[PDB]
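Colleague: For the record, the sequence lines run as chains E and A.
In terms of PDB author numbering, the first sequence is residues 22 to 432.
In terms of PDB author numbering, the second sequence is residues 22 to 432.
A virtual CB, placed ideally from N, CA and C, is assigned to each residue, including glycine.
Handing you a structure now.
Number of protein chains: 2
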Amino acid sequence: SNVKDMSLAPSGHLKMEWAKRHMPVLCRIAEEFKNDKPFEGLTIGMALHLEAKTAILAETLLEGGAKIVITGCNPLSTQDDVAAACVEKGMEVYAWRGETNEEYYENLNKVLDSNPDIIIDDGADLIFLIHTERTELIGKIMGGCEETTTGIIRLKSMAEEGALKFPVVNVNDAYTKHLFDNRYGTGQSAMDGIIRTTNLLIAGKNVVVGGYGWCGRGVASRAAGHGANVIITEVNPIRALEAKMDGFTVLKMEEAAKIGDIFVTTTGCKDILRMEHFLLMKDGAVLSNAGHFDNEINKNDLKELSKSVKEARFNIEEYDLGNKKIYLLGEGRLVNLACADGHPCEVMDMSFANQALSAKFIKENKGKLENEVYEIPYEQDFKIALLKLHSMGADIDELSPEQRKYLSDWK
Amino acid sequence: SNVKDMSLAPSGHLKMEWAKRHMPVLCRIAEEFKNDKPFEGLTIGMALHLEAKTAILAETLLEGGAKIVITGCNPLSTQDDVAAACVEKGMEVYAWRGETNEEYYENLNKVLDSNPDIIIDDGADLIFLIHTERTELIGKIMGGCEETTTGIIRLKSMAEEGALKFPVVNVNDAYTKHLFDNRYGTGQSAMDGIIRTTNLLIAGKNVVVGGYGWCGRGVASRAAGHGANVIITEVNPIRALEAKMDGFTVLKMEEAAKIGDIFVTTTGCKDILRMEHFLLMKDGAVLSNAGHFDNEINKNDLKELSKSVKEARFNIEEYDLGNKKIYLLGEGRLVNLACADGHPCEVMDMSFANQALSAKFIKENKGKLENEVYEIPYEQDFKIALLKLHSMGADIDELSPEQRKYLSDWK
Ligand SMILES: NC(=O)c1ccc[n+]([C@@H]2O[C@H](COP(=O)([O-])OP(=O)(O)OC[C@H]3O[C@@H](n4cnc5c(N)ncnc54)[C@H](O)[C@@H]3O)[C@@H](O)[C@H]2O)c1
Ligand SMILES: NC(=O)c1ccc[n+]([C@@H]2O[C@H](COP(=O)([O-])OP(=O)(O)OC[C@H]3O[C@@H](n4cnc5c(N)ncnc54)[C@H](O)[C@@H]3O)[C@@H](O)[C@H]2O)c1
Ligand SMILES: O=c1[nH]cnc2c1ncn2[C@@H]1O[C@H](CO)[C@@H](O)[C@H]1O
Ligand SMILES: O=c1[nH]cnc2c1ncn2[C@@H]1O[C@H](CO)[C@@H](O)[C@H]1O
């Protein structure tokens with residue numbers, strides 16, 4: 022087991038203590054998993070953003086009988102104290118903050134070295150690595166679960182070509198996931214990363230958000246909530262029109278780059294900000310990324326234009342272009358996880374609840390599932406949404422029998 | 022042709038002149054229909070909310086070669102001057118404001134008496150009456166178009182039972198329809214109806230919104246925009262959770278009836294507010310409805326509790342319950358259409374663009390379509406949204422081919 026500093030373990034345990042007390046839906050699932058022990062004898066290899074709430078998810082599976090081998094899905098998002106606390110919990114952990122690309126793929130491989138039965142992934146890199154380099158593990162793998170939009174794109178494009186070799190559950194596209202995780206979760210946590218790292222006033226700034234899907238909406242909403250003038254970029258006209266009618270300025274990036282004070286890319290696509298955009302930017306512009314991979318902002322292009330790169334502050338790099346400066350947060354990686362604590366607890370409670378139950382779904386269908394992407398059933402979303410609603414002290418009306426009849430027969 | 026007063030026509034012509042200048046997407050389609058004359062020789066029977074913007078759609082179809090027989094789909098939403106101007110334009114009009122239930126169904130039948138080829142309806146009343154009482158018309162009918170959520174519910178359950186006898190295009194569920202007409206359109210137009218009729222200050226009121234679908238969100242956001250304390254009612258926990266995280270109080274209607282100052286029902290279901298809720302309401306509570314039919318508020322219950330019903334102000338009825346008064350706007354009909362001029366022009370431009378092209382789709386697919394509910398293809402939404410985006414002074418970026426390879430390859 023390979024972690025940064027085992028002496029950091031107490032601080033991580035405390036953070037797990039705090040998180041466990043604020044994830045009620047997962048806490049209930051855990052008690053049911055403590056009995057019925059669904060994962061006894063199985064190995065679950067996990068590649069997630071290793072902080073307190075992931076550690077609780079891993080703990081939920083461990084107490085359910087599973088052996089847990091886990092690594093980080095991002096070189097910068099791991100929290101060393103939490104990882105050390107995970108080893109004290111009895112987990113095989115290969116993760117630290119700041120690992121090289123070379124080291125990143127070493128830790129992924131070591132997780133696969135444990136011969137897992139279930140794969141839990143965030144971005145499909147663990148799943149990808151199996152199909153390309155480690156085909157010798159496909160036999161034992163019962164199935165997987167994928168957390169994020171970008172991972173689903175790859176998995177679906179794999180499945181489309183017929184390259185997918187074991188079932189994978191689409192956890193991202195569940196109603197209680199992408200509607201809350203991607204929107205309200207990154208809405209708060211991305212602004213958290215920016216505010217905590219920069220100590221800059223959001224109000225009165227031009228905040229340029231690339232893309233207006235679920236993540237864009239969230240960031241636009243919370244940035245607008247803090248008094249920003251929000252500008253939206255898109256390639257989808259239906260979604261740009263939403264942004265316009267939500268009160269935002271819609272521009273081609275070649276234009277938004279001229280006036281933006283803070284940039285947040287949320288597209289899942291590469292090269293949102295490249296050479297031509299950097300040359301248009303104002304002195305002092307601050308750059309950040311909330312989409313999975315670090316290639317939305319072209320760092321090689323930015324290094325190419327620069328005469329030097331200095332530390333401007335913790336998690337802020339200064340690129341002196343000679344005539345102006347541009348700041349990059351968290352090396353252009355997930356600004357909410359590279360520069361903050363990730364999504365708030367109550368939102369990750371729902372996402373990891375779907376994750377937990379999806380692993381149980383994989384187990385119970387050991388050999389009966391197709392080599393396809395499976396969608397999460399609506400009742401699971403209904404159950405989780407209702408539990409979360411109640412924990413916040415709200416409730417729902419219920420249709421009377423007469424009302425159900427009016428809505429189903431046409432009289 | 023049967024209308025209230027032909028002398029009112031000049032006001033109708035002016036209102037149509039004004040709308041035509043603010044419906045650019047439909048204005049383009051009309052010129053193509055004037056050119057290609059797709060409906061030459063055909064009769065189109067239409068049941069829509071007969072105001073200035075519906076008249077433009079009818080005229081657009083008239084210039085496309087069609088004979089137009091139109092009535093209102095609601096007894097109160099018709100504008101008499103617009104109807105008069107419609108007859109001066111050469112349309113067969115059977116509609117006036119405030120028509121009785123027998124008059125409403127007499128006018129519905131008169132439209133069908135013209136033996137139409139294409140049916141354009143809002144709420145499935147024409148399509149329903151055809152299938153039940155006027156079955157001899159199925160032969161000549163090529164197809165239909167349905168405007169609203171409620172109409173689609175009926176049409177889908179009809180088709181599910183095998184009772185649908187000609188194809189109907191689902192105009193409501195188009196992206197450029199329910200995402201903007203039901204949300205932004207209803208958001209502004211319903212609050213206009215409430216504000217315009219009552220002259221009451223929205224800020225500081227407890228506004229109880231029934232339902233949190235597309236119409237619910239719009240009303241809630243616009244009510245909040247004006248400083249109301251928004252309370253949401255729902256039977257869908259996923260959507261109730263949305264409202265909670267958008268900053269609203271979520272309650273069962275029994276608790277909400279105790280504190281609500283203004284009520285807006287947006288459910289499409291009957292009996293949202295009944296006897297038991299009227300007994301809980303505050304003295305002076307204002308009741309309003311934005312769902313298609315007037316049975317979301319149980320008016321029979323309210324009369325039974327009332328010692329008298331009198332005019333309190335134009336479009337306001339005072340129901341004196343003896344110990345308190347309850348006010349009802351627009352006889353519990355579409356508060357944005359019974360008490361105002363309906364959706365804003367820019368929003369109906371998109372909805373009526375889809376209506377026009379779907380009528381063209383029906384004609385060109387004569388005898389080829391099944392007796393099923395047809396969805397509007399994505400390329401139609403794309404074209405419409407892009408056109409609408411451009412007219413509002415914004416534009417969209419485009420992916421380079423290299424960016425298009427990245428989003429499709431799983432490496
Ligand atoms: N904690 C986090 O930081 C977090 C959480 C959830 C998802 N994500 C990642 O964020 C990304 C999107 O999340 P989603 O759920 O919003 O996906 P989504 O697809 O709803 O949002 C994507 C939007 O980007 C737009 N887009 C694509 N290329 C563009 C371009 N070149 N210029 C402008 N706009 C463009 C698309 O039209 C789409 O609207 C994914 O990579 C996902 O993994 C991150
Ligand atoms: N101009 C207008 O006024 C206008 C425009 C569009 C649609 N509409 C009408 O408004 C209604 C809604 O349209 P939509 O597109 O919102 O449909 P939608 O179904 O998305 O919204 C309906 C919501 O009502 C909720 N609901 C149902 N019964 C309920 C109950 N008893 N208590 C609480 N919540 C309940 C459902 O869960 C759903 O979320 C439909 O009747 C539609 O025809 C009116
Ligand atoms: O605090 C967190 N812990 C674990 N996963 C997280 C956290 N915040 C966000 N994500 C998840 O990371 C993915 C993007 O790579 C998203 O799927 C999001 O849900
Ligand atoms: O001003 C208007 N003219 C015509 N139709 C309208 C207007 N406002 C709303 N609707 C339409 O009425 C239906 C609800 O019964 C909805 O489909 C909405 O699009």
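Start and end of the alpha helix (DSSP H) containing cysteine 48 (chain E)?
Modeller: Per DSSP, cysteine 48 (chain E) belongs to the alpha helix (DSSP H) from 45 to 55.
Colleague: So if I threshold CB-CB distances at 9 Å, which residues from the segment 38 to 56 of chain A count as touching chain E?
Modeller: Listed by position, the residues of the segment 38 to 56 of chain A near chain E (Cβ gap below 9 Å) amount to none.
Colleague: Work out the CA separation of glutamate 367 (chain E) and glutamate 53 (chain E) for me, nearest whole Å.
Modeller: One C-alpha to the other measures close to 20 Å.
Colleague: Contact criterion: CB-CB distance below 7 Å. Does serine 178 (chain E) meet it with respect to chain A?
Modeller: Yes, because at least one Cβ of chain A sits closer than 7 Å to the Cβ of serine 178 (chain E).
Colleague: Would you please state the rounded distance, in angstroms, between the beta carbons of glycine 281 (chain E) and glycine 239 (chain E)? I believe it to be under 8 Å.
Modeller: In fact, because the Cβ distance is near 18 Å, the residues do not count as touching under 8 Å.
Colleague: Is the beta carbon of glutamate 255 (chain E) within less than 6 Å of some heavy atom of ligand 1?
Modeller: The answer is yes for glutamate 255 (chain E).
Colleague: Assuming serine 210 (chain A) is part of the alpha helix (DSSP H), what are its boundary residues?
Modeller: Note, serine 210 (chain A): alpha helix (DSSP H), 207 to 219.
Colleague: Is it true that the CB of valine 24 (chain E) sits closer than 7 Å to the CB of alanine 87 (chain E)?
Modeller: For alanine 87 (chain E) and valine 24 (chain E), no; Cβs fall outside 7 Å.
Colleague: So that I know if they touch, is there some Cβ in chain A lying closer than 7 Å to that of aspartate 142 (chain E)?
Modeller: By this cut-off, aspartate 142 (chain E) is not an interface position.
Colleague: Quick test of your reading: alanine 361 (chain A) and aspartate 213 (chain A), contact by CB under 8 Å. State the CB separation rounded to the nearest angstrom.
Modeller: Their Cβ separation, rounded to whole angstroms, is 5 Å, which keeps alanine 361 (chain A) and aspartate 213 (chain A) in contact under 8 Å.
Colleague: For a minimum of 3 consecutive residues, which ranges assigned as the beta strand (DSSP E) are wholly contained in the segment 147 to 213 of chain A?
Modeller: Taking only runs of at least 3 residues, the beta strand (DSSP E) segments lying wholly in the segment 147 to 213 of chain A are 164 to 167 and 189 to 191.
Colleague: Terminal residues of the continuous beta strand (DSSP E) containing residue 19 (chain A)?
Modeller: Residue 19 (chain A) cannot be examined here, being either before or after the span of chain A that is shown, 22 to 432.
Colleague: Closest Cβ-Cβ distance between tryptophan 117 (chain A) and chain E: below 7 Å?
Modeller: Judged by the 7 Å Cβ criterion, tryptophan 117 (chain A) is not in contact with chain E.
Colleague: DSSP three-state call for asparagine 316 (chain E): helix, strand or coil?
Modeller: DSSP places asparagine 316 (chain E) in coil when its eight states are reduced to three.
Colleague: If the cut is a Cβ gap below 9 Å, which residues of chain E does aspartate 402 (chain A) touch?
Modeller: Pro258 and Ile259, listed in chain order.
Colleague: Considering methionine 274 (chain E), what are the terminal residues of the beta strand (DSSP E) in which it resides?
Modeller: First-last for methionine 274 (chain E): 274 to 277, but that is the alpha helix (DSSP H), not the beta strand (DSSP E).
Colleague: Using a Cβ cut-off of 9 Å, pull out every chain A residue sitting near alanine 245 (chain E), in sequence order please.
Modeller: Here the premise fails: no neighbours, minimum Cβ distance about 12 Å.
Colleague: Of the residues E:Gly246, E:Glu297 and E:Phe269, which one's Cα is nearest the Cα of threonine 254 (chain E)?
Modeller: Ranking E:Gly246, E:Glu297 and E:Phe269 by Cα distance to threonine 254 (chain E) puts E:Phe269 first.
Colleague: Using CA coordinates, which residue listed in A:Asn336, A:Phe335 and A:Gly353 is at the minimum distance from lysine 324 (chain A)?
Modeller: Among A:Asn336, A:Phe335 and A:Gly353, the Cα nearest to that of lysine 324 (chain A) is on A:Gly353.
Colleague: Would the segment 92 to 106 of chain E count as touching the segment 375 to 391 of chain E if we require 3 or more Cβ pairs under 8 Å?
Modeller: Touching, no.
Colleague: Measuring straight from C-alpha to C-alpha, what distance separates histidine 43 (chain A) and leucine 200 (chain A)?
Modeller: Each residue's alpha carbon lies about 19 Å from the other.
Colleague: Give me the DSSP bridge partner(s) of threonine 75 (chain E).
Modeller: Answer by DSSP bridge pairing: none, since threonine 75 (chain E) is not bridged.
Colleague: For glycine 248 (chain E), I'd like the list of residues in its chain whose CB is within less than 7 Å of its CB, leaving aside the five on either flank, ordered along the chain.
Modeller: Cβ within range, chain order: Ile223, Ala224 and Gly225.
Colleague: At a cut of 8 Å, does the segment 121 to 137 of chain E reach the segment 151 to 170 of chain E through at least three beta carbon pairs?
Modeller: Cβ pair count under 8 Å is three or more, so yes.
Colleague: What's the call for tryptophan 235 (chain E), buried or exposed, on a 16-neighbour Cβ count within 10 Å?
Modeller: It counts as buried.
Colleague: For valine 229 (chain A) and chain E, any beta-carbon pair shorter than 7 Å?
Modeller: No - not a single Cβ of chain E is within 7 Å of the one on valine 229 (chain A).
Colleague: Report all residues from its chain with a CB closer than 6 Å to the CB of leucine 83 (chain A); omit the five preceding and five following residues, and keep chain order.
Modeller: The residues are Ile89.
Colleague: Check each candidate in E:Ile139, E:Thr219 and E:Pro422 and name the one with the smallest Cα separation from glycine 160 (chain E).
Modeller: It is E:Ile139 whose Cα lies nearest to the Cα of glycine 160 (chain E).
Colleague: Residues of the segment 344 to 369 of chain A in Cβ contact with chain E at a cutoff of 7 Å, in chain order, please.
Modeller: Per Cβ criterion, the list is empty.
Colleague: Under the criterion of a Cβ to heavy atom distance below 6 Å, does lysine 291 (chain E) qualify as lining ligand 3?
Modeller: The answer is no for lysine 291 (chain E).
Colleague: Can you check the segment 280 to 331 of chain E for any beta strand (DSSP E) of at least 3 residues that lies completely inside it and give the ranges in chain order?
Modeller: Here the runs fully enclosed are 283 to 286 and 306 to 310.
Colleague: Ends of the beta strand (DSSP E) at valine 230 (chain A)?
Modeller: From DSSP, the beta strand (DSSP E) with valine 230 (chain A) extends over 227 to 231.
Colleague: Could you tell me if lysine 426 (chain A) is buried or exposed, where buried requires 16 or more neighbouring beta carbons within 10 angstroms of its beta carbon?
Modeller: Exposed, by the Cβ-count rule.
Colleague: State buried or exposed for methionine 296 (chain E), treating a residue as buried only when at least 16 other CB atoms are found within 10 Å of its CB.
Modeller: Classification for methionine 296 (chain E): exposed.
Colleague: Could you give the residue range of the beta strand (DSSP E) that holds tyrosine 395 (chain E)?
Modeller: Segment 394 to 396, the beta strand (DSSP E) holding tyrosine 395 (chain E).
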